[PDB]
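Participant: Opening with a subset of the complex:
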Amino acid sequence: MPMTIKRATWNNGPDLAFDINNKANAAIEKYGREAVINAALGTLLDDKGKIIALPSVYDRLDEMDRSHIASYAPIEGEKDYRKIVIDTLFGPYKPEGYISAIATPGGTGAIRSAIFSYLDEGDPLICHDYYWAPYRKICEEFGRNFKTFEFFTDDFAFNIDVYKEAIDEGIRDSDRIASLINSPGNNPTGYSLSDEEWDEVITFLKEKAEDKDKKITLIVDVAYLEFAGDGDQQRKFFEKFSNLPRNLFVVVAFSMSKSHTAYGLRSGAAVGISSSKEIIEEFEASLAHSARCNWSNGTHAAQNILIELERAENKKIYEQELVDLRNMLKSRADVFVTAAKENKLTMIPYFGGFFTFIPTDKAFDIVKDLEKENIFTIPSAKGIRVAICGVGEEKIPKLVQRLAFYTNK
């Protein structure tokens, strides 16, 4: 006779990714660093396995007034933090409309809030075939309806055809639906929708919004934004959210976790776009309440970091440290993609993000075999996720070789 309510009763299951990383660390503890290829979890590590913490982020925290760490942030976050999020996130491609950013605990807080506020119980969140688990978990936490569509065509492009069928089905069922896209730099695939795949996406939603009884919410998860190109090309798609119908709402989920190596500081934002002023003020009012009821207010130090980072002398230093980081990951991926070509290993085309993905049918058998050799990766029904963000350049050719051996027999 459970004490918890049904919606809050969870029949466990082991934390798989938690288990794998435990094994990886144990292996490092037994065999030593260079013997292990630790590619489980999604955190940027230097070639020596140490977690990267950008000096141009943490030098600010060291320098910061005690009071800017101690005091409460406002419910919605610092007035300047809100403004800098919008400036930073969209760069030179801010969409035309009413835009507001409210602070959240990382990107997670933003995603949760969208799903809570813009979907009712029966209503569906339509998501891609390969996805970050918490999306489903959030739906299930709040009794919203998680629903997947096949991500890729046979050629590994956006399966826009099947995307349409799944949206059509959503609108056939509910007068309110939501569509979640995790791009650019999709976890787990590494895929990014092309600027022209985004065109096809937003043109179709505008079509479906014609029926003004329908309300549609697009949730874009951009956590990996700064890791999907030179910082400009991957922001270009934002312009396509300009002047959308009133019943087509966009919520971007911003996070400092990845872009600022500030995972443990839990600082992101939900950013809403609307061609209506009352819709956005309603966005603000709804999430202000949720913030007050769930976390109260964000990590103040982190918001102030982002503010101090927008200062000219600091902005410059951060820009280079980012470019350097951005590059380290990219050439790691370029070794990977080049090796995969040599070793005839089929992989979802890499466009950005912390991971490369190998589609397979024996995903759990293959990790089993690899773990015997001290190579650690994450399996799933779809295939193997490889945390390229954790493995230095030299260990990658071995990784791809042993990966292809087990995947192709």
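Facilitator: Yes, it's here. Residues are numbered from 1 along each chain as shown, chains lettered A, B, ... in the order given.
Participant: so residue A:176 touches residue A:122, yeah?
Facilitator: No - contact criterion C-beta atoms under 8 Å: residue A:176 and residue A:122 do not qualify, at 9.1 Å. For every residue, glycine as well, the C-beta is placed using N, CA and C.
Participant: Name the residue in the two with the higher neighbour count.
Facilitator: Here residue A:176 and residue A:122 are compared on neighbour count by other C-beta atoms under 10 Å; more neighbours surround residue A:176, at 19 against 11.
Participant: Phi and psi next, for that one.
Facilitator: The phi/psi pair for residue A:176 (degrees, to the nearest 10) reads phi -140, psi 130.
Participant: Test of understanding: give the bridge partners of it.
Facilitator: For residue A:176, the beta-bridge partners are residue A:215 (DSSP bridges).
Participant: SS state for residue A:102?
Facilitator: strand (DSSP: H, G, I helix; E, B strand; the rest coil).
Participant: give me the number of residues near it?
Facilitator: Count around residue A:102 with other C-beta under 10 Å applied: 25.
Participant: I'd assumed residue A:281 was in contact with it.
Facilitator: No - using C-beta under 8 Å, residue A:102 is not in contact with residue A:281, being 11.8 Å away.
Participant: For beta bridges, what are the partners of residue A:268?
Facilitator: Where residue A:268 sits in a bridge, its partners, by DSSP bridges, are residue A:104, residue A:255.
Participant: pretty sure it is in contact with residue A:254, am I right?
Facilitator: Yes - judged on C-beta under 8 Å, residue A:268 makes contact with residue A:254 at a distance of 5.3 Å.
Participant: joint contacts of the two?
Facilitator: Here residue A:268 and residue A:254 share the contacting residues A:107, A:110, A:223, scored by C-beta atoms under 8 Å, 6 or more residues apart in numbering.
Participant: quick one: secondary structure of the last one?
Facilitator: Following three-state DSSP, the label given to residue A:223 is coil.
Participant: burial count for it?
Facilitator: With other C-beta under 10 Å as criterion, residue A:223 counts 27.
Participant: need the strands for the stretch 201-350 of chain A, in chain order.
Facilitator: In the stretch 201-350 of chain A, the strands defined using DSSP state E, counting those that start in this stretch lie at A:215-221, A:248-255, A:268-274.
Participant: Just name the most buried of the ones you listed.
Facilitator: Ranked by average neighbour count under the criterion mean count of other C-beta atoms under 10 Å, the strands of the stretch 201-350 of chain A are headed by strand A:268-274 at a mean of 27.
Participant: Does anything pack onto that strand? Which helices or strands?
Facilitator: Contacts defined by 3 or more C-beta pairs under 8 Å, 6 or more residues apart in numbering; DSSP states H and E place strand A:268-274 against helix A:79-90, strand A:98-104, helix A:106-117, strand A:248-255, helix A:277-294.
Participant: Just the CA trace of it, in CSV.
Facilitator: Extracted C-alpha coordinates of strand A:268-274, given in CSV (Å, rounded to 0.1, in the frame of the first residue of the first chain):
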residue,chain,number,x,y,z
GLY,A,268,19.5,28.3,-17.7
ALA,A,269,16.4,30.0,-19.0
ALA,A,270,13.1,29.5,-20.8
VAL,A,271,12.8,31.9,-23.7
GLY,A,272,9.4,32.5,-25.3
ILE,A,273,8.7,34.0,-28.8
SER,A,274,5.3,35.4,-29.8
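Participant: Tell me what angle it forms with strand A:98-104.
Facilitator: 160 degrees (axes from the mean of the first three to the mean of the last three C-alpha atoms, to 10 degrees).
Participant: What is the neighbour count of residue A:58?
Facilitator: Using other C-beta under 10 Å, residue A:58 is surrounded by 15 other residues.
Participant: Over to residue A:288?
Facilitator: 15.
Participant: my guess is it meets residue A:82, correct?
Facilitator: No - counting by C-beta under 8 Å, residue A:288 stays clear of residue A:82, with 11.5 Å between them.
Participant: Between these two, which contacts overlap?
Facilitator: A:76, A:102.
Participant: throw chain B onto that model:
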Amino acid sequence: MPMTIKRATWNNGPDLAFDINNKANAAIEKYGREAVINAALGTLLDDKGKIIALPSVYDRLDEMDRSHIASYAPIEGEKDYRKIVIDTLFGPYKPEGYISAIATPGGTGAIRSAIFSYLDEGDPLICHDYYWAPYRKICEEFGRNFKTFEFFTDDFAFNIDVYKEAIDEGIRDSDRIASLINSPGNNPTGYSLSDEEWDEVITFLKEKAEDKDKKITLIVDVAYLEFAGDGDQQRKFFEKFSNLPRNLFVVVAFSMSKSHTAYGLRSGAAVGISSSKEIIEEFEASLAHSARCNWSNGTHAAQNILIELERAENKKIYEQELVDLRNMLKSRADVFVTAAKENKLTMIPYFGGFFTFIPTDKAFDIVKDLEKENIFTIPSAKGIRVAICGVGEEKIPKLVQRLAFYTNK
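Facilitator: Same chains as before, plus chain B:
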């Protein structure tokens, strides 16, 4: 037609504390520090009106390795953080049975989680007449039923009689209920239930728990624990939670916000107490699923701060600093109570907390006059809340005299 759902739409007006607080700052701007008595918000300020950030707390953050700040915290919180929460919170008074702690974004995190997991939709949260507003807000967010009972008797002791009839009413309309008690150091009143008053409560809920069709959850908000006695006497009541029937669960909402002057770091915990091992594991599973969906994980630096504060050499310094902070606060309450007596001002007996409370029915009218004299406090239907944590000893007499005059004329 709103974009947000019925539950997420908030036709809600002005933020009252916010506004009062802006007014105070604008006044300080116009007339200057000494001319103004800013007794609005619950933050420990020194005699100069500036926030208090305990060196023993923030030195640890200063000396901490970046990796401990930057990296993700485990869902539940660091293994040692969870343990050290339980030890620190209960002191020598740890109740018997199974106990688990789960990191939350401040105390707010712990409270909402309890309300989500242990009340369903029709279900009542029975809370005292004078309450911190977000309790009601959370119920409304999640569709739980907020329900009040008259806190005090005419002599200003816990209204055990009315409390009983309120709980009786819950257990008559629903198979599942919850009691919320913010003690010791109740915001707004400053009241603490005595040990025998707690006895009267647990003994009564034990009687209700005899009906094994009914499930009851006691939520205790102990944010101001360290500011409600000499450290020891105020914790004694925790022993009353030992060996409670399977169907009487207890969630204690712990916070570093006040005790560690760490509000903007957002770090608390939800600590559960049960005689059943599976009730606890069920609790662990539920709050971990909630954490994953709502905030992903806690502010890692803050958890490590608590761990590092546990080192004997790092502990001595912190206690001696907490004693002063606690003693600076109490002697402010002494000056208040001494003045209130001599100015003939009826006030709810103060036992601990950040606020002293003047009961009155003209509270909104009184604070109009008071603001004209640069005296800022928070009005409610019940009276005036004086944030004694904000104002310095030497100003209290004036604040009390002028408070008495408008309350008594």
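Participant: let's see the neighbour count of residue A:58 again after adding chain B.
Facilitator: For residue A:58, the neighbour count with other C-beta atoms under 10 Å in any protein chain shown is 18.
Participant: secondary structure class for it?
Facilitator: Per three-state DSSP, residue A:58 ends up helix.
Participant: Look up how far residue B:393 lies from the residue of the stretch 301-409 of chain A found nearest chain B.
Facilitator: In the stretch 301-409 of chain A, no residue comes nearer to chain B than residue A:301, which is 6.5 Å away by C-beta to the nearest C-beta. Going from residue A:301 to residue B:393 by C-beta to C-beta, to the nearest Å gives 30 Å.
Participant: These two - which one has more neighbours?
Facilitator: residue A:301 (25 against 14).
Participant: Report the contact partners of the more buried one.
Facilitator: Contact analysis of residue A:301 by C-beta atoms under 8 Å, 6 or more residues apart in numbering or on different chains lists A:61, A:64, A:68, A:69, A:265, B:264, B:265.
Participant: Quick check: it vs residue A:43, distance?
Facilitator: Residue A:301 is 20 Å from residue A:43, by C-beta to C-beta.
Participant: Same check on residue A:162?
Facilitator: 32 Å.
Participant: Look at the two and report which has more neighbours.
Facilitator: residue A:43 (19 against 16).
Participant: Give me the spatial nearest neighbour of the more buried one, chain neighbours excluded.
Facilitator: Leaving aside its sequence neighbours, residue A:43 sits nearest to residue A:51 (C-beta to C-beta, 6 or more residues apart in numbering or on different chains; 5.8 Å).
Participant: can you check residue A:228 too?
Facilitator: The nearest residue in space to residue A:228 (C-beta to C-beta, 6+ apart) is residue A:352, at 2.8 Å.
Participant: State whether the one you found is indeed within a strand.
Facilitator: No - judged by three-state DSSP, residue A:352 forms no part of a strand; its state is coil.
Participant: dump the residue contacts of it.
Facilitator: So residue A:352 contacts A:184, A:185, A:190, A:192, A:224, A:227, A:228, A:229, A:234 (C-beta under 8 Å, 6+ apart).
Participant: As CSV, these with neighbour count would be great.
Facilitator: Listed next are those as CSV, based on neighbours: other C-beta atoms under 10 Å in any protein chain shown:
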residue, neighbour count
A:184, 28
A:185, 27
A:190, 28
A:192, 26
A:224, 28
A:227, 24
A:228, 24
A:229, 18
A:234, 24
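Participant: Starting from residue A:101, give me the distance back to residue A:77.
Facilitator: Distance, residue A:77 to residue A:101, by C-beta to C-beta: 8 Å.
Participant: Give me the common contacts of the two.
Facilitator: Both residue A:77 and residue A:101 are contacted by residue A:269, under the criterion C-beta under 8 Å, 6+ apart.
Participant: picking up where we left off before, which one of the contacts of residue A:301 sits in the busiest neighbourhood?
Facilitator: If you rank these by neighbour count (other C-beta under 10 Å), residue A:265 sits at the top with 29 neighbours.
Participant: isn't that one right up against residue A:299?
Facilitator: Yes - between residue A:265 and residue A:299 there is a contact under C-beta under 8 Å: 5.3 Å.
Participant: so what sits against both of these two?
Facilitator: Jointly contacting residue A:265 and residue A:299 under the rule C-beta under 8 Å, 6+ apart are residue B:299.
Participant: so what's residue A:33 up against?
Facilitator: Taking C-beta under 8 Å, 6+ apart, one finds A:48, A:49 in contact with residue A:33.
Participant: now do the one 3 residues further on
Facilitator: Residues in contact with residue A:36, defined by C-beta under 8 Å, 6+ apart, are A:24, A:27, A:28, A:374, A:375, A:376.
Participant: From those residues, list the ones also adjacent to chain B.
Facilitator: When contact is defined as C-beta under 8 Å from any C-beta of the partner chain, the contacts of residue A:36 do not meet chain B at all.
Participant: Of all pairs in those, which one spans the longest distance?
Facilitator: A:28 and A:375 (12.4 Å; C-beta to C-beta).
Participant: Looking only at neighbour counts, state which of those two leads.
Facilitator: residue A:375 (24 against 17).
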